Each structure stands twice: as structure tokens, then as C-alpha cells.
């Protein structure tokens, strides 16, 4: 006559960490056309208000 | 004559936790044009409702 007994305890602890980055640049001609007058638009507001307008 | 018996009890308790964080930064040239009148229109409503409009 043979008897027995068993017992187990498995305990796992884990940690993860993921750092994903990216950078996508799209070149379109439509952006160059809109680029043209960004700087010039600054001084249209200066000229309209601050300066004289008759020769 | 051989007789056998066998028992087993398992009990697994698990816990997860997942924290995600993202920051997608988009550069559109259109959003730069809309920057212009953002501060100026603050003082166009001041002018119309508080100051004299005749010289």
C-alpha cells in the first residue's frame, strides 16, 4: 500500500517597456507654392497701419 | 490485482497592467497661416465696443 502527496508554488513577476519613435517627412510641390509669401505677409500689416500712404 | 487513485487541484491567479502614452505631432503649413489673426482679432472686438470711431 503506497500513498503520496505533492505541492508546488510557482510565482512569476514580469515587467515590459517599449519606447517607439518615428519621423516622417513628405515633400510636395504644393507646399513650396504656399511657402512663397509667408515672410512678405509680415510687412503688409506693418505697412497698412504704421506708415503713410500718400506720396 | 493493482488499484490506483490520483487527485490534483490547480489554482492560478494572474494580473496584468498596461499603460500606453503617445504624442503624435503633425506639422501642416496651413495651421501656420491661421496663426496670423489669432492674437490680432483679440483687439478688433475691443476697438469696436469701447473706443470712439470718429476722429
Simple spin-label estimate for residue A:32 and residue B:48 in nanometres, 7 Å along Cα-Cβ: 4.1 nm
How many nm separate the modelled label positions at residue B:21 and residue B:40, each set 7 Å beyond the Cα in the direction of the Cβ? 3.9 nm
Go ahead and estimate [θ] at 222 nm for the protein assembly as shown from helices alone: -39,500 (n - 2.57) per DSSP H run with n ≥ 4, summed, over the residue count, rounded to 500. -8500 deg cm²/dmol
Taking a label point 7 Å from Cα toward Cβ, how far is residue B:32 from its twins in the other copies, in nm, shortest first? 1.5
Distance between the C-alpha centers of the range B:5-55 and chain A? Whole Å please. 12 Å
The helix A:40-50 Cα axis meets the longest alpha-carbon principal axis of chain A at an angle in degrees, between 0 and 90 and rounded to 10, of 50 degrees
Kindly give the distances from residue A:44 to its copy-mates, label point to label point, with each label point 7 Å from Cα along Cα→Cβ, as nm values to one decimal ordered shortest first. 1.4
Run the label-point distances for residue A:6 please: 7 Å along Cα to Cβ, every other copy, nanometres, shortest first. 0.7
Given the peptides A:44-53, B:5-14, arrange them by the average over their residues of other C-beta atoms within 10 Å, most packed first. A:44-53, B:5-14
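Here, each number is a calculation from the coordinates, and none is a lab measurement. When we count neighbours, we look across all protein chains shown, and the Cβ atoms used for this are built from the backbone with ideal geometry, even at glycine.
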